[PDB]
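# Survey of secondary and tertiary structure
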Amino acid sequence: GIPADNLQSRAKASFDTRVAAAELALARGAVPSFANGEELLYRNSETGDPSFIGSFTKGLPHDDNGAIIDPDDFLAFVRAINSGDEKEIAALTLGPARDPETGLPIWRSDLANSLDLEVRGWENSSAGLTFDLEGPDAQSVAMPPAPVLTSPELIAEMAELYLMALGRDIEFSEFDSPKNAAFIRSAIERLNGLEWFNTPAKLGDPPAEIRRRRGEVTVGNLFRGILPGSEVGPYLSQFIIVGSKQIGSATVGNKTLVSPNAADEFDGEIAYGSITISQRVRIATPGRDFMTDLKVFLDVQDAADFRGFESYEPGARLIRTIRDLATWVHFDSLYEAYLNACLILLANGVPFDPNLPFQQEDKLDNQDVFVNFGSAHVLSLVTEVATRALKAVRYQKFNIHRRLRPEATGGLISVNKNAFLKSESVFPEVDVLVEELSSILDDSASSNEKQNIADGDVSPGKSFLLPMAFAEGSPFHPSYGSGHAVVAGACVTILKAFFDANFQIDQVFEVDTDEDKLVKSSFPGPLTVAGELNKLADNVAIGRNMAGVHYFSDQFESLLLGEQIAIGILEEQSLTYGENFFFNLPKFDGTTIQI
Amino acid sequence: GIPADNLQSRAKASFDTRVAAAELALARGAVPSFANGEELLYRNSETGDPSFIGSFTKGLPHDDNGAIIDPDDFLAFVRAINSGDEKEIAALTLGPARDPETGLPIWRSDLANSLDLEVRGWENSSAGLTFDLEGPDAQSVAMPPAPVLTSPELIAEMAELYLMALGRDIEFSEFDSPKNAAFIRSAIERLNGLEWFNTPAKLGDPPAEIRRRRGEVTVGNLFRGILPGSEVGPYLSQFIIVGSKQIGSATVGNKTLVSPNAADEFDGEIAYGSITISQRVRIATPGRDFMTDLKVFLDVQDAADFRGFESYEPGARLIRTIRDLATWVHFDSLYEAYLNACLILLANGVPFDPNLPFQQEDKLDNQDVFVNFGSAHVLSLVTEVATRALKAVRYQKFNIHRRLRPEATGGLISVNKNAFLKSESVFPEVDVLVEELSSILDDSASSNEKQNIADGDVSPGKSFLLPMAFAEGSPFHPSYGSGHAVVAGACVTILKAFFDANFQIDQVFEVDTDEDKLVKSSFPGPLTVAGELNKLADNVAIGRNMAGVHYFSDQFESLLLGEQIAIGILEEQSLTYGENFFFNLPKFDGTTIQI
Amino acid sequence: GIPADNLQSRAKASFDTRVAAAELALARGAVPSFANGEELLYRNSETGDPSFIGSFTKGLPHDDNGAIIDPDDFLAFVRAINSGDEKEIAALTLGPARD
Amino acid sequence: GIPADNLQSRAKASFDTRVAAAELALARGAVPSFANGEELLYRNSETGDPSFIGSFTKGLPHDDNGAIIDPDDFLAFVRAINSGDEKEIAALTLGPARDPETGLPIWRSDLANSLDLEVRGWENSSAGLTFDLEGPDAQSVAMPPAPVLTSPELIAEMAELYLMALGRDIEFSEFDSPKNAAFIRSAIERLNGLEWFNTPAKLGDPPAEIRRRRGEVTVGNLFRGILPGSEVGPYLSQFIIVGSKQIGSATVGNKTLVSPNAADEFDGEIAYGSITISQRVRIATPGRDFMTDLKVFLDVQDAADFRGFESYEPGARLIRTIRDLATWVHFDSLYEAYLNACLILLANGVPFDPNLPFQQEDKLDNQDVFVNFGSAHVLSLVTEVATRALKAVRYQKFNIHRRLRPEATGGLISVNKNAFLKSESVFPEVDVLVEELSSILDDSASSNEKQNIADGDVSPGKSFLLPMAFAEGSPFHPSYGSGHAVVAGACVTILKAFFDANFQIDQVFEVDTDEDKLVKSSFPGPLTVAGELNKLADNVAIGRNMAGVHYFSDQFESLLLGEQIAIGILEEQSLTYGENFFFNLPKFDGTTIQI
Amino acid sequence: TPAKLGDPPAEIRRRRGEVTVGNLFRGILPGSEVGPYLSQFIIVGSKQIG
Ligand SMILES: [Ca+2]
Ligand SMILES: [Ca+2]
Ligand SMILES: [Ca+2]
């Protein structure tokens, strides 16, 4: 007989497709996650117990030097993370001692006590235990060990964050302007004096380190990411400052119609359906930074809820300063930047990936696209990968590495350096970190003294704390990896698969140095969609660093993790279509995968 | 021994969760879809063949009376829909005869020939064959048979659409104003003269008909939907006209901060992260309707691509007229309205469903929400259900019912009534539909004569065509059900499950009758989130009817279908969480399901 | 009892040997193939479309500079490669214009 | 829903294709193999034990009459065959008594002792237990029982073999020449005096016997096989004597190019890529036959390793005599003849089977062939079937029938006839065989006496042994079936499926009677590819008979077994292609199967 | 110039160094650079029957 296949009922074929996808996912294998070993390394000299200084302990009661008071509070917290039991999380110790009549926390700072602040809790500390109906399971993927406190890498990461905090009110369009030369030149020479940047990796180093190690800092790569496309052209992705084509501009047969609102494109207006999105961001008070006083910093480490304490100027403007990019990433919904990028691309008519079905003229294939392979498809797909990626990064954040946020590291530096001047030893583990950042810390103590004077906040010693752009500092979850960066990675992977990513963009804009408007850039162009989508991912991720809440390595590693999650979802979803097609996807490493 | 369970590796538990969800879906069963029987009922008197006049045939070559020329073109189109083969879809007959030198279509109207229009193709005619990794399979659910051309129901649906087209430039806030009394009163008395509205269902009628049958028309229910909440208060949902709370307004312990941009709330500004969405919509030229001339209408039925031919006024305004709601639903991304509603709810601090985990103060449960049970969760979930719902409605649209769009029905009415005045019989099947709409058709012929004069479009006879708000008329896919309404249904089901849906809204706004601004309504309130989310679903769905592209029954039935799709996804996803919780969901029928 | 193995018919043993080898091959895993990214990188200046100058296009109609005339001819070629359908291969454009 | 099939991962589909093939093979069923019953029939008069005279016992110690000395040696040998255990094989008794001082075997003949010959071992006695990844398992197929020593069929087979040995230096082209008429006519007459050939089968005879029984011997069928095509035209297949078209001969559009080496085609040069294969074979010394002396014969049955002892004339020539065909099959690689034919067919441009995919002009199908359905595919397939066919004949040879080689049967005849001349009875079971061959034996004793005189070998009595063309006689494995003929059957089956087997060959060549060159034959032609490929299989298989190492029945039965093995491989491999096609295969029985 | 740390491993494995007459136009499989350019197996004959 002739070899054949049999049909089955529709219901059974649907069931079998779901199982087959599940089998695909199971066959990929699971990789183990290794942490850097710091967790139990650092010990308390007096008791011999682990001090947990290189670990996330925000929320647990701390002592005056910023170390937790009771190691059992951290060990109970870890057990709670790994079980996910709601009652167990409710029995944890959160916040400082409470007053017997008020029942309210007793804070160290006059500021926190005068506001009657209450405590805030951990955000989804067991989201990494949750399964998902599509994509790689959260625990099946891994991020490599984070940099340790005594490494050249961390030294360079902290130097870069302190300089971003001192240069927060510098305008992106004026990086090469004579008014900022003293700061820019001193920033670059200080970073180029650190071994991470001025010496190459050595044979024998871990591959993950070799891939994220950076070379010589220049004005052209200062504070930028390293995804392909991020170092070409202006700092800011076109997609976070320009508008789109507007309703009313169309080509109808041989006639060209011009929208009566066409100028909105060049004024940061994205056409969103029949309404609009404005790219202008709220303006946080220039020059006002937070958590520059030791007692307020310790209250925030002990959970004081300072959310919502920032002050703003009236109006809005196109992103101008480093601070505005920090403000943008303080409140964005997590797929916001990529959904807005997508809307510009749809409104501007950028073509879909030419390997998708039915992209030719309708006269050749009789089939337009929308639900599948069209705008509705990409609009749901870019947003749905976000929670799958977050589940994976929550497993890394809480269940595996528990890396301390940058503000805690600045806490360790401030305490050690102040003890040193009083001829005392506190946190000897950061002695080399403090010695190598010495000229940077002198500038920061002087900037923090002005901030503390202006706020009327007094604490003993100089303050070498890292100035935060946000009143509450970082969110209530560990630093490695990052929710913004994991989502960026997954979302721009979907968009580069769905759109013709190498299509060129010929109009390059930047924000004017004098007015709140867009001007033609001096960079000729063209740029490609892929490089400006990669740039946008880097802008949102590095924005979190500019706010003081992540390190470089958190961002870069999380971008790669989100990329894997997105690729995994597309592969499993490929079993559902009967058409003959594939997604052409340019990865962050420069190679292409066809799915 | 003591009875127990065993653990398994994480990978295997993830695989087993996916299979278990697949088994849940398989156990729900699949229901058959029945069509109304019209497809092959209507015959051509001369050949005896099926004429397909009650079927969607947009794109296939039509004769001068609007009937397809060759029945085989429709029969080949059906085969192509059911196979999904790309080459088979490419071999179909699309558009009219082409000119041998140009290769361009030969149109009937001077307008289409003067623009050199080309053809447009069908949009995803086989999307209903696609499987999905989550939720009910597209073919496992059903929509009941659509109303037939000779039924009282269709008569009332067409009367309502012609009156919406004549009242397109009437303002929602002026429905009860003396300047519109002659039109409003005549609209209500004519609709109340039709049996659908003035006589109740009879024992023995199909249950689906009894559920969507409407009673007496009044100013308070005129042009409204029937979801619970839609008939209370102002016509327009608060969520499509107001803004939200802005960044800078916060309560920090005992101190209340006021945003310097707080007034933006009351000016239609939604806080979107740190940027904004404006609720003001583009303004289509008032009084300009389309496809009111027979030859241009036949060219559009033969696929002439008129997309992008509308003209607009400069600027934007809060939705004011029926036409503006049509313009809003011409270009919205499909989950746009619900994502914007969600952003208002998050920015205003409306509480999440109190049965979700960790909603108490952090001091009682030590756990904030974001990834799971928080904003990121609902923001991905509301958008991801959209493509699952569209797959189901595409199966109904193309594979089962293939209902003709309202413009084709107006085509049948115009041809029959013109033949009748010349003592001739064309399409006798609509004789009763034409007789019962007689006074309405007199008003419409007079409005269409003015439109055709203004455009310089000439065709023999009077024009009783349904005026379209869009130059191209309906999209290139059948009328029953609707993509907008199926998505509305699924998306507001997710939001009413995730948010505390019965929470009350005490500030009720409407659009001012004199200026482009929001004013306090005369309706006292309060309203609930569920009723205003249901209203919003009805506003977007009924907006498609106001544009002339759907009937009432298309919308209502599609809302119920999307609701089922959403409930199915939530049930399957409930197997992934280890927490103890459930979604409390108020359905469109007034009952609650806990998931 | 003493641990043992059982014999089976020859035919079964032959069947089980072929299945065991298929299982060994399945257990090796499958690795993905990544391409260098050139295919869609190079663009035609006038139209903005991919020019495919870094890709095999032997057989498709070329212009006087050696670049393919129509990008759709390459895209249809790639679809036909991935499906293997004989009729789809036969409908491709091969060679220059004919007399 | 619409019935459907689901996709699965590539890996999973490969795994299910291999399982499906295995299932196909299991579903064919396995047939038992029946032997002829002789193994244990013959008994030793003195002890009553089985004597094993009708079984292969080469290698086991024999007595002076050629019977094994100890029956336990044969029974241990059978156990070793069935287990395959290497140690058990190593513990068997091989060769004669050895000298305590030298360790060397003690032989009977001066010749073997003077050369210090060592023993040679059984070749792969348990290759019939090996499984395979493709095709019918080796024990799943069967050959029918072999002819018994006292049958008419064996009498006929031995008469033919003795006549082949006496005619070894006769030229194929001079079969009907007056110089050979005394020998040819007496050969025909003596074969036509035997019942097997002069009397037809009778109703009730086993069907396998009816199919291989031959009729009246003529010059046209003398020494030929019975596959369709072997009796048409010249004795030797064109593929073992002609060369092929050479590089440089081609048609390029309208221009015909002629190779500068075109004449090579008619001089026996096959184009092998860019180098050549010569059809001229080494020339074994004319008139020199082996094992014509009783003692040397006994040493050979006792394992004396005489391999490599033949002498040759300088140079090479196109196959000319029966001896040259025997020389050809002495050392050929087992698929050599069929690969060489395949190369001739590819170089001459014979078409592939027209039912294969893509064989039309490239302008009609856009697809040339090579890997699949082209030259690389058939080049690997024709050679890979060889080891699968050998495993099955190994099971037949050792595990089932264990048929004595023709040389052993000649030893029985010689011993019995000499005992009779001396008034003694030895091996009474072959009395009838000896009586019916009486005239042939007289000629053979006379030729054997000349051979022994020329070699200086002396043994008591006349010699009626079967003169061997090879010094070592047969290979170290049983006679039924044959490795050359099982491979011939499988390999030509593959070639007839892959090429257009009925294409005609119009140029027919033969080897010249006077010179070493090809001449146009007197047979007009045409011949077909199928007929000449079947003829080639018969030429190689009957050349083994010409050497004295096989009987007729061995070859014909093995050709049928090889055919089945090849068919089973094609059927299992048909599950691996997605194309629509099939192999048209003309079988040895005249019918065609489509796979 | 040699490969650099950070380059793809597949590139490091096939990168070739300084060209000499001894390696000109040769492959890099072990044994290809020893002795004559052409393998013995593409020029020599074999032992013959006899
Ligand atoms: Ca298209
Ligand atoms: Ca809480
Ligand atoms: Ca061909």
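About the thresholds
- Residues numbered from 1 in each chain as written, not as in the entry; some residues may be left out.
- Chains lettered and ligands numbered in written order.
- Part of a larger assembly, values for the part shown.
- Heavy atoms only, no water.
- UniProt positions renumbered as here; feature names shortened; annotations may be inferred.
- Buried < 20%, exposed > 50% of the residue type's maximum accessible area, 1.4 Å probe, protein only.
- Helix = DSSP H or I, 4+ residues; strand = E, 2+ residues; numbered from the N terminus.
- Pairing = 2+ DSSP bridges.
- Axes fitted to C-alpha atoms, helices over the stretch in contact; angles between N-to-C directions.
- Parallel < 35°, antiparallel > 145°, perpendicular 65-115°, else oblique.
- Left-handed = near helix turned anticlockwise from the far one by under 90°.
- Contact = heavy atoms within 4.5 Å.
- Nonpolar A, V, L, I, M, F, W, Y, C, P; charged D, E, K, R; others polar.
- Donors = N, O, S within 2.8 Å, 3.2 Å for Na, K, Ca; no water.
- Tetrahedral: all angles 85-135°; square planar, octahedral: opposite > 155°, others 65-115°.
- Patch = residues over 30% accessible without salt bridge, like charges linked within 9 Å, V, L, I, M, F, W, Y side chains within 5 Å.
- Areas by Shrake-Rupley, 256 points an atom, 1.4 Å probe, with all protein chains shown as cover.
- Salt bridge = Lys/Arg side-chain N within 4 Å of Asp/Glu carboxyl O.
- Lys, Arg positive; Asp, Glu negative; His and termini not counted.
- Charge placed at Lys NZ, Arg CZ, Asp CG, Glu CD.
- Buried area = accessible area lost by both parts, 1.4 Å probe.
- Polar contact = N/O pair within 3.5 Å; in protein donor to acceptor, adjacent residues only side chain to side chain.

Per the PDB entry, chain A goes by the name HALOPEROXIDASE and belongs to Corallina officinalis. Each PDB entry has a title, and for this one the record gives "VANADIUM BROMOPEROXIDASE FROM RED ALGA CORALLINA OFFICINALIS". UniProt lists a comment for chain A under the heading Catalytic activity, and it reads "RH + Br(-) + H2O2 = RBr + 2 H2O." UniProt's Sequence similarities comment on chain A is quoted here verbatim: "Belongs to the vanadium-dependent haloperoxidase family."

As named in the PDB entry, chain C is HALOPEROXIDASE, taken from Corallina officinalis.

Moving on, we come to the pairing of strand β5 (residues 275–278) of chain B. It is a general feature of regular strands that their side chains alternate between the two faces of the sheet. Along β5(B), one buried face is formed by B:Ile275 and B:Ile277 and the opposite face, lined by B:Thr276 and B:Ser278, is buried too. As defined by bridge partners, strand β5 (residues 275–278) of chain A adjoins β5(B) across three bridges and the pair is classed as antiparallel. Note that in β5(B) the partner of A:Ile277 across the bridge is B:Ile277. Joining the antiparallel neighbours strand β4 (residues 269–272) of chain B and β5(B) is a turn of two residues, in which B:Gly273 adopts a positive phi near 65°.

All names here are of chain D. Remark: helix α11 (residues 336–347) packs on helix α18 (residues 529–546), axes separated minimally by 10 Å, with the N-to-C direction vectors making an angle of 155°. Overall, the two elements α11 and α18 adopt an arrangement that is roughly antiparallel. Read as a crossing pair, α11 and α18 show a hand that is right-handed. In contact with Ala-337, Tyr-338, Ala-341 and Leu-345 of α11, α18 contributes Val-529, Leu-533, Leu-536, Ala-537 and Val-540. When grouped by side-chain class, the residues that make up the contact of α11 with α18 number nine nonpolar, no polar and no charged.

Time to look at the coordination of the calcium ion (ligand 2). All names here are of chain B. The coordination sphere of the calcium ion (ligand 2), as far as protein atoms go, consists of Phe-358 (O), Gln-360 (O), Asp-362 (OD), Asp-365 (OD), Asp-365 (OD) and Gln-367 (O), spread over 2.8 to 3.1 Å. Seen from the calcium ion (ligand 2), its six donor atoms lie at angles of 43 to 167°, and the figure they make is irregular. We note that the donor set of the calcium ion (ligand 2) lies within a single chain, spaced as F-x1-Q-x1-D-x2-D-x1-Q.

As a further point, take the environment of A:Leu166. As for its position among the elements, A:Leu166 is in helix α5 (residues 152–166). Setting aside residues up to four positions removed in sequence, A:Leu166 forms contacts with A:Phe183, A:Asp443, A:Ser444 and A:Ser447.

Turning next to a negative patch on the surface. Residues and elements named next belong to chain A. A surface patch of like charges, here negative, comprises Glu-195, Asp-431, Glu-435 and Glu-436. Counting residues per element, the negative patch draws most heavily on helix α15 (residues 431–436), which supplies three residues. Structurally, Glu-195 is set in helix α7 (residues 195–198). Residue classification places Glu-195 among the partly exposed residues on the basis of a relative accessible area of 47%.

What follows covers a nonpolar patch on the surface. Taken together, E:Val19, E:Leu24, E:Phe25, E:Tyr37, E:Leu38, E:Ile42, E:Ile43 and E:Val44 make up a surface patch of nonpolar side chains, about 880 Å² in accessible area. By secondary structure assignment, the location of E:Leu38 is in the segment after α1 (9–14).

What follows covers the coordination of the calcium ion (ligand 1). All names here are of chain A. Here the calcium ion (ligand 1) is held by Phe-358 (O), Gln-360 (O), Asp-362 (OD), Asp-365 (OD), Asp-365 (OD) and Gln-367 (O), and the distances to it run 2.8 to 3.1 Å. Note that the calcium ion (ligand 1) binds six donor atoms; their angles at the metal cover 43 to 167°, and the shape is irregular. Between the donor residues of the calcium ion (ligand 1), the gaps in sequence give the motif F-x1-Q-x1-D-x2-D-x1-Q. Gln-367 shares its class with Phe-358; the two are buried.

Between chain A and chain B, the residue contacts involve 120 residues of the former and 120 residues of the latter. Summing the contributions of chain A and of chain B, the shared interface buries around 10,200 Å²; its carbon and sulfur component is 56%. For chain A, the biggest contributors to the area lost against chain B are A:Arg10, A:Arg18 and A:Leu133; these three give 9% of the whole. The tally of links between chain A and chain B comes to 14 salt bridges. We note a salt bridge from B:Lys363 to A:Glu118, for which the minimum N-O separation is 3.5 Å. On the surface where chain A and chain B come into contact, there are 75 residue pairs in polar contact. Broken down by element, the residue count for the side of chain A that touches chain B peaks at 13 residues, all from helix α1 (residues 10–27) of chain A. By residue class, the composition of the side of chain A that touches chain B is 51 nonpolar, 37 polar and 32 charged. For strand β8 (residues 367–368) of chain A and strand β1 (residues 122–123) of chain B, the ladder comprises two bridges, and the chain directions are parallel.

Before going further, it helps to spend a moment on the packing of helix α9 (residues 294–301) of chain B against helix α14 (residues 406–421) of chain B. Residue and element names in this part refer to chain B. Their axes nearest at 11 Å, the elements α9 and α14 cross at an angle of 135°. On the basis of their axis angle, the class for α9 and α14 is oblique. Considering how the two elements wind past one another, α9 and α14 form a crossing that is left-handed. Here α9 contributes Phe-297, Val-300 and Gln-301 to the contact with α14, which in turn contributes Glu-407, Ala-408 and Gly-411. When the residues that make up the contact of α9 with α14 are grouped by side-chain class, the tally is three nonpolar, two polar and one charged.

Before going further, it helps to spend a moment on the UniProt feature "binding site: Ca(2+)" in chain A. Here, the residues flagged by UniProt with the feature "binding site: Ca(2+)" are A:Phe358, A:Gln360, A:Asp362, A:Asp365 and A:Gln367. Looking at the secondary structure, you find A:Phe358 in the loop between α11 (336–348) and α12 (362–365). A relative accessible area of 11% means that A:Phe358 is categorised as buried. In contact with A:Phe358, other than residues within four places in its own chain, are A:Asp365, A:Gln367, A:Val369, A:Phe373, A:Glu579, B:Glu86 and B:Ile89. The class of A:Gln360 is partly exposed, set by a relative accessible area of 30%.

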